[PDB]
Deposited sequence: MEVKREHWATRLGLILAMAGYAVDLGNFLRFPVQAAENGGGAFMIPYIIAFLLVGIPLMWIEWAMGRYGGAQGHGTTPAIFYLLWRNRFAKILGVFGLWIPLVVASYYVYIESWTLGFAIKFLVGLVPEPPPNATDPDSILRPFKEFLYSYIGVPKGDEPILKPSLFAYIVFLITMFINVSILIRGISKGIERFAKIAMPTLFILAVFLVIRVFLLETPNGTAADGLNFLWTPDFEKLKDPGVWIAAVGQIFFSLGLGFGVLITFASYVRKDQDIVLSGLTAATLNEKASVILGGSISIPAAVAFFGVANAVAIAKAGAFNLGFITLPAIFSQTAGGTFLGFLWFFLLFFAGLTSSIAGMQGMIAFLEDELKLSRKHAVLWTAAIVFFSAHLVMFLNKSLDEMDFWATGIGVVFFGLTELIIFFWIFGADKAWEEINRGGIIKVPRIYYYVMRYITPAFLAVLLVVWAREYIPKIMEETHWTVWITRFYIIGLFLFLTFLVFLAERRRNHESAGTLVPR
C-alpha cells in the first residue's frame, strides 16, 4: 500500500483539500450575513464541538482501515460494524464525492479558462454606473457557461469552455496517475506555497484599493464589525455549524481515504489539528481580506449588504472581475485571482477523486493507471449532465452536500463511536499521537457532536423536505450512480470469496 512520504506534505495535502473557493468566497459571505465579527462566536464553538472532534474521527477511521488495506467506507464501515447494512451505508461515502466531482471539476475549469482569458487580455472592457460595469461581465460569464436565453433548460457552453474542461481533467489525471507521494503530496508541496503567495499579494493589493466610493478599510470594517443581535437567531448557529462541515470538508469521505495512507502508528491527532487550523487561518486572514473588502472599496459600504446578498458566486465571477477591469493593471489581477482559485480547487479535486481511485485499487485490485483512467472516465461522462442541463448542477449539490454533511457525517459518528465502541474508538484516535486528545472531548464526540449533527439534520430536514420536471433527470442519474456503486461493492465481496 502507498504512503505519505513526509509529515509536512501530509498536512499540506490535507490542508490542500480543505482550502478551496469556499475559504475566499463562501465563508466571507456567511460571516457578513450572520453578525459579521459576532459570527466568530458560534463559528469557533462549532469548530470546537463539531469540526475538530469529527476531523479526528475521519482520520482515525482512515488509518484504522488503511492498516488493513482498505481506504474507503464500504470496507471500513464493515470493519467497524460487521453487517450488510454497513456495506450499503458505506457506498454513500463513495457516492458523495463522486457526485461532487461531476460538477466540482467543471467549475474548477472555469477559473482556469477565465485565468487564461484574463492573462491574454480576452476580457470585457467597460464602459459610470454599477450596472453598466457588471453587465459586460455578467454576460461574459453567461457566454462561457452557456446560460439559457430561452425557456429551455438547456446550457450551451463555449467550445473553449469545453476544451478547458478537457484540459482541467487532464491536469487532474496527470497529478493523480503519479500516485499519493510523487503526485498529490509532491504537488501539495508546490501548490500550497504558491497559493499562500498569491493570497498575500492579493491581500496587499486590495488594502491599497482606493476609490471615490470607499477604501479597503471600510471593507474590513463592514465585514468585521460585530452585530451581536444576530446571535439570537438559531439560523446563524445553524449556518455556523454547516459552514464548519463545508470549511473542513467533513462528510465527503475524502479525509478517510487520505488518512488511510497514514501508517499504523503515525500521529493523526496533532497532524489533523494542524491542517485544520491552516484552513481556518486561510479563511479568516486571507479569504476575508480580499473579496469583500475589494467589493466594498469599489462600490462603497452603502452597497455592502446588497453585495453580500448577491451570493458568493456573483462576488467572485462577476463582481470582482468587473472591479478588476477598472483598477490599474487589473487584467493581471484578474489572472492572479482566477489562478489563485484554480489551484485552490485543483488541490481539492485531486483529493476527492482519490476515493474512487482507492476503491478500484483496494477492492477491485485495479492498477493505479486503470483506477485513475476509469475514475476520470466516470467523472468526465457524468459532467456532461452538469455542462448541458440547466440547474442539474444545483440538484447534484443539494443532494451530495445535503446528504453528505447532514446524514453521512452523523453516520460516521455512530458507526465508529457508538457501534464500534467508544473506548476502542478513543484509543484508535490517540494511538501514536504526538499529543493526546483532551479528556473532555470524549463527551463531545459521544454526545455533543452527534447531538449537533442531529439538529443540523432535522432543521435541514424540516425546511428542505417540503422544498421543475427536469430535476428528475439529475435524480435519475445520481440514483443510477448509487446502484452502480452498490454493484461494484457487490462484485468486490464476491471476488474476495473466490480468493
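Several segments of the deposited sequence are absent from the coordinates, namely 1 to 4, 132 to 134, 475 to 479, 512 to 519.
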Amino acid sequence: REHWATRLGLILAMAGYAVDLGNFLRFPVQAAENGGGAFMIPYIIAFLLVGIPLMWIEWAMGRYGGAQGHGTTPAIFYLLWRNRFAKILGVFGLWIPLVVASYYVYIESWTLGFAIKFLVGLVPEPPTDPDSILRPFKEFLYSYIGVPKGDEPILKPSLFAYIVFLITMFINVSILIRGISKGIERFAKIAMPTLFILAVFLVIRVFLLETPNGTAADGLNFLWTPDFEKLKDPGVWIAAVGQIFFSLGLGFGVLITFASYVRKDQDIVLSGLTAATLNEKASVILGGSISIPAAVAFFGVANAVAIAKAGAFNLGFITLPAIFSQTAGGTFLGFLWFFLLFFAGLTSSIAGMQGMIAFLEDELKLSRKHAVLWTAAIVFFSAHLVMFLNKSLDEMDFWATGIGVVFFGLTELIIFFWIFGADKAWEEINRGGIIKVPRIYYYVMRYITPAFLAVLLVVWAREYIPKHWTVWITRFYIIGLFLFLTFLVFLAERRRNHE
From here on, numbers count along this sequence of modelled residues.
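According to the PDB record, 20 to 28 carries the higher mean C-alpha B-factor of the two stretches 20 to 28 and 484 to 492. Across the two stretches, 132 to 140 and 224 to 232, the PDB entry reports the greater mean Cα temperature factor for 224 to 232. Set against one another, the Cα B-factors of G334, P153, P127, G402 in the record reach their highest point at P127. Note on the listed residues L320, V301, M192, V123: the highest Cα temperature factor in the record is that of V301. Compared with the other modelled residues of the chain, the Cα B-factor recorded for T111 ranks in the lowest third.
For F246, the recorded CA temperature factor ranks within the middle third of the chain's modelled residues. Annotation for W472: C-alpha temperature factor in the lowest third relative to the rest of the modelled chain, per the entry. Residue-level temperature factors show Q354 in the lowest third of its chain, judged at the C-alpha atom. Placement of the Cα temperature factor of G214 within the chain: highest third of the modelled residues, per the deposited record.
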